[PDB]
Asker: 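Starting off with a structure, shown below.
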Amino acid sequence: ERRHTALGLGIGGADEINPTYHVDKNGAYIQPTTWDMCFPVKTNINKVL
Amino acid sequence: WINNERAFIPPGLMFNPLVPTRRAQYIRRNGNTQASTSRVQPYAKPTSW
Amino acid sequence: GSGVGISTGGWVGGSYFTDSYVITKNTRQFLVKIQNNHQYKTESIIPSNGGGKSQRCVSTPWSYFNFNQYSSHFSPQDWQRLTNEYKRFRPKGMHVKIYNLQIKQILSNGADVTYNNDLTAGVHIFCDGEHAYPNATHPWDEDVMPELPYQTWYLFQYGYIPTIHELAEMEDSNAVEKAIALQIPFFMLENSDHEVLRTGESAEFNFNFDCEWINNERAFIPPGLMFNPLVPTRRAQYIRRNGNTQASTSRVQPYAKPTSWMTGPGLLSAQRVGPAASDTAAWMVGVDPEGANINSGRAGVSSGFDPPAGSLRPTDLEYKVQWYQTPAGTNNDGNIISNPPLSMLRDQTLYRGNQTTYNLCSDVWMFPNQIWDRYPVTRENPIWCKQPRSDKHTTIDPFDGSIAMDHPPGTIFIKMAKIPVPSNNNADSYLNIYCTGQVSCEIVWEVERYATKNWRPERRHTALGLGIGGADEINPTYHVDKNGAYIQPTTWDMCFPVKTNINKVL
Amino acid sequence: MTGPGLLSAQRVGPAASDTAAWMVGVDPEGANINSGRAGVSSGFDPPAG
Amino acid sequence: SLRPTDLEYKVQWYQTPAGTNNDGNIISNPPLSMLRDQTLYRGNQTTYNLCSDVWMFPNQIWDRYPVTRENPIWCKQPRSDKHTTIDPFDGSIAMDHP
Amino acid sequence: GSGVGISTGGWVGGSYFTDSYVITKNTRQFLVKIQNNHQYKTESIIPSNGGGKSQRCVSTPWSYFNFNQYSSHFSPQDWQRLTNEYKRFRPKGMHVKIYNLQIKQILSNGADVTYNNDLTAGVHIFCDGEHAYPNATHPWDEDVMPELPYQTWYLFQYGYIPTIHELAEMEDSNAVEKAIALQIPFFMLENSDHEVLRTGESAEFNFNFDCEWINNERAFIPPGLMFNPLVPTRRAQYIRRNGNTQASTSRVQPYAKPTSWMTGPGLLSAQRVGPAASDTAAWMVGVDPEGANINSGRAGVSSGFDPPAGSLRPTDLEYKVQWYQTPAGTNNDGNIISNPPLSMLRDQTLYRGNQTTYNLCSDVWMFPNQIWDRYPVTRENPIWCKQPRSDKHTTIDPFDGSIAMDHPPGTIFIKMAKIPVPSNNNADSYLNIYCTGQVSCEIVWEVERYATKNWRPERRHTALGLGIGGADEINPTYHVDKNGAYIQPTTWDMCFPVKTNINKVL
Amino acid sequence: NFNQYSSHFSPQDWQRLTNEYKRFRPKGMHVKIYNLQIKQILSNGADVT
Amino acid sequence: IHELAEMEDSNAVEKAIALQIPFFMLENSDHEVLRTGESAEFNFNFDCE
């Protein structure tokens, strides 16, 4: 099946440096840039209809 | 409830493609191509959903 | 009290009618083959032409019992005495029992195929019952329990569709199709635990129904005709100018009166598309993410909704439910089609006003105060369907008349225990066997009979409506051929629809 | 969302007869039935809700 | 449901109180569930044509908008005489008293 | 309640997860051959080229069950839900049951090989359990329980090495080799008492584990990085003159700080030797008494230690653990190799200072304050190994990740009871039979799940990392082929190593 | 305003929820307000005591 | 380590090491706040040597 890894995630900061949810240099709280980081529900596990 | 689950198939794909169905499809003339009826194939099947 | 030469259970049959319930008992003979060499083999089927309609499916060594149809559980006698005499009925509970197994070895020396017995070989029997596996079954498919007993019942192979073959074709690309391909379930009935049986053993299963009532009643008037024509109403109708004819208001007559109740929903627009085979629906329900490639046309993406009409008086042959009644052929025969029950529910219409005369409203969606009744069932219909689990749904009735329920009777799966044979290189080489046994399905039907204040006789299913058939014409519809056979009902209304008789005051 | 209602079409025909703009009725095939749509159906007024 | 076919039918938010035109904005994607992402396509005669407006119809089956960490939890269902089935299309849980 | 036509037990399967434990249930089909004509036959094998590597071994009529691997007891589903969601796990106890035996006679008239049943023939079943006999088993060998059920399981012949073939060659001489030859054990499983079974019987066995925890956690920093860079330290570093640059002392900076903890042990020096086959290790552990003659070179005397590295970042392909994942071939495919888990434990290095720059320290023996973690396990690894009984030993972890324990689960041995046939001269001439049955291994796993104060998401095994494969590419990694098959995982990190996800604060 | 998930879950904790669980709904809420301070702003001009 | 997730050009090795990184906040745990009229005490035991 499927899980939310966080190997899907971005890089960000003043310089790119540290990862998505971490913190900036300086800064800040690095925001998730896109989907599917923010980790939607219903994208993983499974069910038989 | 917030349901975290994934459906791997649409509700219309629930059936066994190996099994013949007893059902008939009728089609008009058009456009030459004489109107005819035949039984729907095993791989295709009408969904109620 | 047990052993090889001791039968496990006896034959059971016959229907037993009471006022509050009916018990139908059916025993039949089955056999089970090897089915795939015991492997799995996801096929990627495809029709070839016209396509695409590409479903890949999967195969299993397993076979399954399909009890879903009325003609399996009722004789045309017993199901007339039910249609007649009773208004509501629903299945209360099911009890299935498998016993008197045999499990014989096939011997091919070439021709003459010895068929000696094999005592120690087993048979796997698994009843899902929680619907943890794909449901198999589905309505209207052949493989159901034989309508006529004394007929052996050949079980069918179990398979399921793991995903759409389009959408994970995958061609060139994608990471959309690739993500859809890489997520795909693979189910194995061996993950569950089940029972193996030798020839001196048996298995029994119980099922209960939540379900819903099947209403056998007829409406002699539409819900819009409920009123007293003798009584004046205080109401006013205003009409525009047109078209000279000065605009005016007046009170609506006693014989006419506005109804608060609306035609049931149904979709009469569009029409079927494409060659035979391929897929022909007129409504194709599907799923198409963006960046999905997917090549071949709309057929491969979607399934199709037929019958679209529900209520609404289909206006064409191709909106009706139609089936062949026999596994053998054909183009035009025999095919039962369908007819209006003559109930004033169903057979509905809308016709919005416009200005002069009227125009039919083809697509009727849900609207408040819509009132209809479910498709009139017949002896040949499936009993139930499985309602797929989902967050949200609208009101549930399928347009084929089946009873959708959350948990139907769990599918009972069966296969031949694999007996390998040795080889120098350790190659598959199973031993070739089959099994034969007796399934007895005894289901209890919660039933309610009727009382009416009508003076007149109403209507019944006579069987003087019925056909003639055979080698020569000779003997009647449900009887037997010469030779032969089981003479099939040719048309409606033989098969005896529900809702065509009795009556109810709306 | 806005509640349901049908604002399309409009009433038809002379006074008396039947004037609705939505005529709910039943018309089996092979039913003959002669005179026009009024006799078959009742009419839904008020359509608007 | 229905596979919006365009950017402007999707749910889209900025994730930050500060700006901007194009950034950062999360937009939205199909969950890859086979529920949602649906389509209709009535038949016509040759090929098919998409059905744009799908109202309620019997036997419709879908699932609610796939939630995310950034979604609101609940919304308030307004008190009224009549209502149809209740799910909001932003995935919130409507309840009588939040 | 028993007999020929009564199955002894049913099929059992499926994993059951809780917070404190997991129960994996697996049933499979096996068969057992005659194996040697029932004789023993010490072979003196030899590879021929390149040699010598001469092991003589022995053969037995016996076959054995090998349950040692994770992929046998876990589905890739269930073993992901384990890798994810849990930090520690170890097997608590095992329960094995053998039942539903068949025991059929092979009939060769020539071709067509009848395979009739034989009711009165028996099957010998012996569970060692005290390890009074050579252990068989050993890690990483094929013959393990089939990863995928519904696959028949062909047991393998039991043999053991009574001694080194060199050192008791013996050639000319010796009284050293002769004393080593003349002392040699000969083990016969018939000396022990065991059970014989006919087709209506069964055997069950229980096992308990002392074992050790398998730690699934990741270290985000080395043990040397544990400190606060913001805080000044009171410490001094002295440096010699070289090379002008007058010798001086100064306090070590806040960002740098001496660690009390050392790189784990491992041997990175030398490298493999010799042609394929023969023996290629780079470390050959052996025994060579004086006056032993022994002819051919170092290969025949010794075994070889691979993997030598343990921790230490192997620096080369040939220090990594590598396996083929399939019994069929090949040179380059498919072979899984191995990767760094990205844990900061493992992947270590030493680099002694010298004067300018640094030089890698190849051989790292035990030293105080060494801290490492065991090889990251995967679905395809063996579970346990047997720790050999000896007076003294150092700390025990094997570098393949197995759990060494004093008494592993005792090997269960099985063979076909010999049915002789008469002859005029009284010659061996056994009757040719085999057996087939069902083993169900149900093992309980003591399990502990995790709680972390980390804010960030960490890491999981998605299966969006996974490959595509089949006849055509088509369907995904663990699924099934067209046709076919079971698609194998091609590389890391599919097979889902432990220690690559979650986290721990050192 | 307490209405959002990212307020009540860390991206860690809300992954362990998305993963590992199928259904979830809030059962009940308990809010507490405490450690109040209530300071006076003093504008003499700048320096805002 | 700042090396090993520098990350420079490349990598998916350094990027995987960067994207996995813990961020700890003592506010995730619950603790005590104290005003000038309060106190806190703690006990510790040693295994040690």
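Any value given below was found using the heavy atoms of this structure, including those in side chains, with hydrogens, waters and symmetry copies removed. In what follows, chains carry the letters A, B, and so on, assigned in the order in which the sequence lines appear, proteins first and then strands, with residues in each chain numbered from 1.
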Asker: CZ of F186(C) to OG of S75(F): how many Å apart, nearest 0.5 Å?
Answerer: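 Spacing of CZ (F186(C)) from OG (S75(F)) equals 11.5 Å.
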Asker: Taking OH in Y21(G) as the centre, count heavy atoms belonging to other residues, nucleotides or ligands within less than 6.0 Å. Is the count above 12?
Answerer: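 Counting neighbours around OH of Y21(G), 12 or fewer heavy atoms of other residues, nucleotides or ligands fall under 6.0 Å, so no.
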Asker: I'd like to know if the side chain of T452(F) reaches the main chain of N454(F), judged simply by a donor and an acceptor atom lying under 3.5 Å from each other, with no hydrogens or angles considered.
Answerer: yes
Asker: Who are the side chain to side chain donor-acceptor pair (under 3.5 Å) partners of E190(C), not counting sequence neighbours?
Answerer: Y40(C), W62(C), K415(C)
Asker: Do the side chain of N381(F) and the main chain of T378(F) share a donor and acceptor less than 3.5 angstrom apart?
Answerer: yes
Asker: Heavy atoms only: give me the nearest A463(F)-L182(C) pair and the separation to one decimal.
Answerer: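 Residues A463(F) and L182(C), closest heavy atoms: O-CG, 3.2 Å.
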Asker: Would you mind reporting whether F205(F) and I98(F) have side-chain heavy atoms less than 4.5 Å apart?
Answerer: yes
Asker: Report the residues that fulfil side chain to side chain contact (heavy atoms under 4.5 Å, CB included) with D493(F), sequence neighbours left out, ordered by chain and then residue number.
Answerer: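 Once residues adjacent in sequence are excluded, the partners of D493(F) under the side chain to side chain contact (heavy atoms under 4.5 Å, CB included) criterion are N339(F), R459(F), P497(F).
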Asker: Before accepting this row, confirm whether a basic side-chain N of the pair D428(C)/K418(C) lies closer than 4.0 Å to the acidic partner's carboxylate O.
Answerer: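 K418(C) and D428(C): salt-bridged.
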Asker: Nearest 0.5 Å, please: how far is NE2 in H407(F) from NZ in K386(F)?
Answerer: 6.5 Å
Asker: Give a yes or no answer on whether the side chain of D128(C) reaches the backbone of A132(C) with a donor-acceptor pair at less than 3.5 Å.
Answerer: yes
Asker: Using the benzene-type ring in the case of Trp, are the ring centres of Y133(C) and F126(C) under 6.0 Å apart?
Answerer: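 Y133(C) vs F126(C): aromatic centres under 6.0 Å.
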Asker: Give a yes-or-no answer on whether the side chains of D373(F) and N215(F) include a donor-acceptor pair shorter than 3.5 Å.
Answerer: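 No, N215(F) and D373(F) have no side-chain donor paired with an acceptor closer than 3.5 Å.
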Asker: Quick check: do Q80(F) and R3(A) have side-chain heavy atoms less than 4.5 Å from each other?
Answerer: yes
Asker: Who are the ring-ring contact (aromatic ring centres under 6.0 Å, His included) partners of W213(F), not counting sequence neighbours?
Answerer: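 Residues passing ring-ring contact (aromatic ring centres under 6.0 Å, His included) with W213(F): none at all.
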Asker: Can you classify the ring geometry of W153(F) versus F67(F) as parallel (below 30°), tilted (30 to 60°) or perpendicular (above 60°)?
Answerer: perpendicular
Asker: Sub-3.5 Å donor-acceptor pair from the side chain of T27(F) to the main-chain atoms of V12(F), do we have one?
Answerer: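 Yes, the answer is positive, given that a donor and an acceptor are paired below the 3.5 Å cut-off.
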Asker: Please give me the minimum heavy-atom distance between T436(F) and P420(C), naming the atom from each residue.
Answerer: CG2-CD, 3.5 Å
Asker: Search all heavy atoms of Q102(F) against all heavy atoms of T120(C) and return the closest pair with its distance.
Answerer: NE2-O, 3.5 Å
Asker: Hey, are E147(F) and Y486(F) close enough side-chain-wise for a donor-acceptor pair under 3.5 Å?
Answerer: yes
Asker: By side chain to side chain contact (heavy atoms under 4.5 Å, CB included), which residues pair with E195(F), not counting sequence neighbours?
Answerer: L197(F), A203(F)
Asker: Going by distance alone, is a donor N or O of one side chain under 3.5 Å from an acceptor N or O of the other, for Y430(C) and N37(C)?
Answerer: yes
Asker: Could you tell me whether the side chain of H95(C) and the main chain of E204(C) form a donor-acceptor pair under 3.5 Å?
Answerer: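 A pair under 3.5 Å: no.
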Asker: Does NZ or CZ of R23(G) fall inside the cone over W1(B)'s six-membered ring, less than 6.0 Å from its centre and within 45° of the axis?
Answerer: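 Yes.
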Asker: Hey, are the side chains of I487(F) and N475(F) touching, using non-hydrogen atoms and a 4.5 Å cut-off?
Answerer: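 Yes, at least one pair of side-chain atoms sits under 4.5 Å.
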Asker: Counting distance only, does the side-chain N/O of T199(F) pair as donor-acceptor with the main-chain N or O of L101(F) below 3.5 Å?
Answerer: yes
Asker: How are the rings of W323(F) and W140(F) set relative to one another: parallel (under 30°), tilted (30 to 60°) or perpendicular (over 60°)?
Answerer: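 Geometry flag for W140(F) against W323(F): tilted rings.
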Asker: Before we go on, tell me: are the rings of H38(C) and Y150(F) under 6.0 Å apart, centre to centre?
Answerer: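 Distance test on ring centres: not under 6.0 Å, no.
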Asker: Does the side chain of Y5(G) come within less than 4.5 Å of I2(B)'s, by heavy atoms?
Answerer: yes
Asker: In plain terms, say whether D19(F) and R449(F) are close enough for a salt bridge, that is, a side-chain N and a carboxylate O under 4.0 Å apart.
Answerer: yes
Asker: Are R389(C) and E5(B) ion-paired here, with the side-chain N under 4.0 Å from a carboxylate O?
Answerer: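 No.
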Asker: I'd like to know if the side chain of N4(B) reaches the main chain of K42(A), judged simply by a donor and an acceptor atom lying under 3.5 Å from each other, with no hydrogens or angles considered.
Answerer: yes
Asker: Is it the case that the side chains of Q183(C) and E1(A) hold a donor-acceptor pair, with the cut-off being a distance below 3.5 Å and no angle test?
Answerer: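 Result is no, nothing qualifies.
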Asker: Determine the interplanar angle of the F39(A) and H4(A) rings, folded into 0 to 90°, and report it as parallel if under 30°, tilted if 30 to 60°, perpendicular if over 60°.
Answerer: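 Judged by the thresholds at 30° and 60°, the geometry between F39(A) and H4(A) is parallel.
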Asker: Taking the side chain as everything from C-beta on, heavy atoms only, tell me whether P409(C) gets closer than 4.5 Å to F209(C).
Answerer: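 Result yes, sub-4.5 Å side-chain heavy-atom pair found.
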Asker: Do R16(G) and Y450(F) meet the cation-pi criteria used here (NZ or CZ under 6.0 Å from the six-membered ring centre, within 45° of the axis)?
Answerer: yes
Asker: Hey, is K25(F) close enough to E442(F) for a salt bridge, meaning N to O under 4.0 Å?
Answerer: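 Looking at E442(F) together with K25(F), the answer is no, because their closest N to O distance does not fall below 4.0 Å.
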Asker: Please report the closest heavy-atom contact between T42(C) and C57(C), naming both atoms and the distance.
Answerer: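 So the minimum-distance heavy-atom pair works out to CB-O, 3.8 Å.
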Asker: Side chains of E201(C) and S7(F): is there a donor and an acceptor less than 3.5 Å apart?
Answerer: yes
Asker: Checking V444(F) now: which residues fulfil side chain to side chain contact (heavy atoms under 4.5 Å, CB included) with it, not counting sequence neighbours?
Answerer: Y21(F), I23(F), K92(F)
Asker: Check for a donor-acceptor pair, side chain of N68(F) on one end and backbone N or O of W384(F) on the other, with a separation under 3.5 Å.
Answerer: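 It does hold such a pair.
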Asker: Does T411(C) form a side chain to side chain donor-acceptor pair (under 3.5 Å) with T137(C)? I'd like the steps, not just the answer.
Answerer: CA-CA 8 Å; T411(C) 303; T137(C) 307; 3.2 Å; yes
Asker: Given the side-chain rings of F156(F) and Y64(F), with only the six-membered ring counted for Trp, is the space between their centroids under 6.0 Å?
Answerer: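 No, the ring centres sit 6.0 Å or more apart.
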Asker: Between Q387(C) and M405(C), is there a side-chain heavy-atom distance shorter than 4.5 Å?
Answerer: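 No - every pair of side-chain heavy atoms lies 4.5 Å or more apart.
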Asker: Step through it carefully: locate the ring centre of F74(F), locate the ring centre of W445(F), and say whether they are under 6.0 Å apart.
Answerer: yes
Asker: Tell me, please, which residues at least two apart from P489(F) pass side chain to side chain contact (heavy atoms under 4.5 Å, CB included).
Answerer: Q325(F), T477(F), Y478(F), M494(F), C495(F)
